[PDB]
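One chain is shown next in structure tokens, namely the form deposited in one PDB entry.
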């Protein structure tokens, strides 16, 4: 069963029926003002901080996703009314036809009902901290129709906690005032003229308005049947205290076939409302703004485009996965329909990993996040697990420290410089979160030295509070995953030092890496099962062995052993074969197996989690891409693609009854085989799976990698692929790559020609604006 389809031509996902089993959301905004909106227009907006600057309210985890950004239409001749989005009015689907087009940074809502065609495009224009609601109403009947339009948003008290509780204070913390076509919402306790004011304006001159939620909705009514909409007029309410809303009403008389256009604007700051409502009265300004949003993503998408035998891969890499990955880098991980309060700011390991995915498309935001992370690192070398970057924009103890956080930053920084060529970045001085400063280069060394110090007697990195798996708390225990990550980070750093001619560091860290490898190969391999263990308890008991009854095979350790380059080809293939045989499912790779069923605090909280859920036996998406990378390094392209196809949301477009979540977005986890809902996907959008999936496909399957001295092309694809093509923009130059596979192998470059001339190895960075033809023949 499906509810829509991918429109490759317009780069939109079209939802043909609104009764989806869950809200399918999209993100509006590319700067500071953001909106998480569903296909039913449910959702909310916030400015910069979702926790402290929420703009409109949201009642989460309920059967309906309300409130939202709604437009109610009413036939003033009959009194009949409906919303442009299906919900909240929910007009019968046998009577009204609804369509939703989720695009990159914009969503189009359409409704055709009883002779009236209506469209509403919600998008946050660049350069403004506001959301435009571009509305078009057309009379498609053969008679004169009189239609009234009503807007609605419930203004937030700005602090999420103030919306959820402490109403003894928040109910008297704001007020509304009205001026022609503008409802001004004042957060009375926020003296800032910008941040302390929100508004809902209309390009038309209103017939009526409502600033009080209780008056617009009415007694014992809700968003589904507002009193104002039912009676055909607002009550012109505006006062201080209680709950406020932004409702502007206008009646229109439409001749047969006639159409009108106007806009509503939800925004922040005094003065802006009056300005923008006037600015957008000229619809050409709305079109220009929308055109800038299209350009924004056209520019980004064009920097890496692929044409291959796999339509699913092409569709996702060329738009959707890039979009999801950059959304994570820009908006972080704490504003969705699942993350709705509490945690805010940046998760260290989350953004550290996300930032490695799109430096080719958004180098500026990537650099900004990397700098945030560097500022969020302490002298000791570890990172603050969760912090607000604004705190350090010109501290927890070792007990709350997570052992992997800081290590992910290393490969990410190296990638950023490789991509942009900003080698001077390594010399920039950045202050530590706990005082003092050091160069970016020294920040990196502080991180690597920390992991070398915090190891067990066997030489394996301590899990501390928790490693990648938040539910793996070994403290004094040891994590295979961290040691493998450390090796990967070291290999990346060695190449850097080598490139910078830092001979001493090359020796130091090459030696450090040597010790990590020997320690891992000596203690972490289980030669009975043929794979790498997950780690060891603080008491020295190995976790993840062939003899245990629970949690024998682990995805993170086995995939990272290969991805990091630590494991030999032999152990790599066998470990990954164990992953395929025991963890693979049509929905993706399980995190471990069998699931844990006996609580054991020596292993961690994972033993106290439901089987097939979250970290305990579920298909945790994040690590799946590591498996793809591992397979490319082993030269098994067919295996890699089998893993990719199984997790690719695109291929599950017609099994929504089982998946439930968005077919255009990766999710945090899918219920594993041990849970009765096996197959149901949970938490779309803000998951590092997107950044990693993008990175894995572009850099390892398609094999295009930017480097300190050149561009590398070394693919690992399915043996039956005749070839593929990629357009890659790197450092201001374009590389038109064509890969040919006449002998039908999976990996191995026979030859590479640059502009008709044969070359050996890396493609040297070409002149600015140059277009280069690169032919790669596998063999």
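Residues that one form lacks are left out of the comparison. Rigid core: the largest C-alpha set superposing within 1.5 Å between the two forms. Numbering follows the first chain given and starts at 1.
The protein also exists as the form deposited in another entry; that form is not presented, and the subsequent description refers to it.
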Can you tell me which of these residues, 354, 631, 467, 556, is the one whose C-alpha shifts by at least 2 angstroms between the shown form and the other one after a rigid core fit? 467
Closer or farther in the other form: C-alpha pair residue 609, residue 473 (3 angstroms or more): farther
If the CA atoms of residue 464 and residue 604 move by 3 Å or more in the other form, do they move toward each other or away, so closer or farther than here? closer
In sequence order, what are the runs of three or more consecutive residues whose Cα atoms each shift by at least 2 Å between the shown form and the other one, relative to the rigid core? 464-469, 471-475
